[PDB]
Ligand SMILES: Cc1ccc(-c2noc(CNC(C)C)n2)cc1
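Listed next as structure tokens is one chain, alone, in the form solved without this ligand.
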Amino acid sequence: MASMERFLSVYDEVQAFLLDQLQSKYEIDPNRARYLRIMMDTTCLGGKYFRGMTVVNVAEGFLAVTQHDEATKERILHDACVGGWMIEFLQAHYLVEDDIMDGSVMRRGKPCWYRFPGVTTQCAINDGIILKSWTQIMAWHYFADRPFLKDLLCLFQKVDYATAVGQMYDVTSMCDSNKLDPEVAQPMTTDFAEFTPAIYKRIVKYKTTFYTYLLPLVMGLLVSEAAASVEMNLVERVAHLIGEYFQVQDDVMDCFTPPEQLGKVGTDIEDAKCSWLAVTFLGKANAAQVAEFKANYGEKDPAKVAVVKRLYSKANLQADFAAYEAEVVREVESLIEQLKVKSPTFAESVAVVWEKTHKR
């Protein structure tokens, strides 16, 4: 079986399990089951499945070098697929709720879930809640007797929480920290003193890297019973590095990739986001450029947004990006090498994760 066709088949199985259980234990009626099926499909399907497929690919790497009965190989790959779906559904949760939080319009060239006519925010917030509850239902059903159940649940937990903390860091990244206060409407920063590489790295590390790279790698290890084949501090370091790179690419595309190809009209400039572009621009601009940036950033007005893009284009951020990129290559290669000391196999999976991130 090709990995993807297996992965997609298990989607059907897991769907059927979840919807069957709603009928037999939760008193659901057919029409509400249908609503939930369409929600699941609309929110969980149609991406590249990169995160979920990482789990599968790590497990396949270990299968190639570890003796097992065929039934065991099948069970490991089935667990890797279920695990990969937990992560895809956790992402689906975050996208549903992030789109509502941000007032986003499109996602993957389609309307955000909450904007569907028969959804609305009222339902969509709860639909996103369900999306995350399904990850736990899947885990308890499919991994009930597995030795890795507690490790897997505890890891998932910690990554989920890191992610929500990262969301807080992201949505508050344009306020001055010393002014955060539930009682007082939050002004945009005027000094941009918190637009630094280190602050940017904290946002991205929590908001993206834990669920996008750490979780799939470690889940692949856990379903393979292979966590003792690796030095976990290196897995953390390499996940944090590659994830930061993925995010930097995303931040560049938000500004410069045509909307039809992006799947989205990017609004980071209007949202005053602490993006890689803003931080890198502020790390090289002269006084005059800084003052032009401050008078134009974080404003809906297209004239001001175009002034911000013009500033980015004249600031030659391609050079800063190539430099960042070369450094990331050095470091990711270094970490891949260190990972070979204990697991050539796993190092190779990480190389593959890196190639697919670096090329996309």
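Numbering starts at 1 and runs along the sequence shown.
There is another form of this protein, the form deposited with this ligand bound, and it is not shown here; the text below is about that form.
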Kindly check, after superposition on the C-alphas around the site, whether this ligand taken in the entry with it bound would be blocked here (3 or more of its atoms within 2.4 Å of a backbone or C-beta atom) or open?
-> blocked
In the entry with it bound, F246 touching this ligand (heavy atom, 4.5 Å) | yes
Heavy atom to heavy atom, is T212 within 4.5 Å of this ligand in the entry with it bound?
-> yes
Interface residues of 40 to 56 toward this ligand, as seen in the entry with it bound [heavy atoms, 4.5 Å] | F50, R51, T54
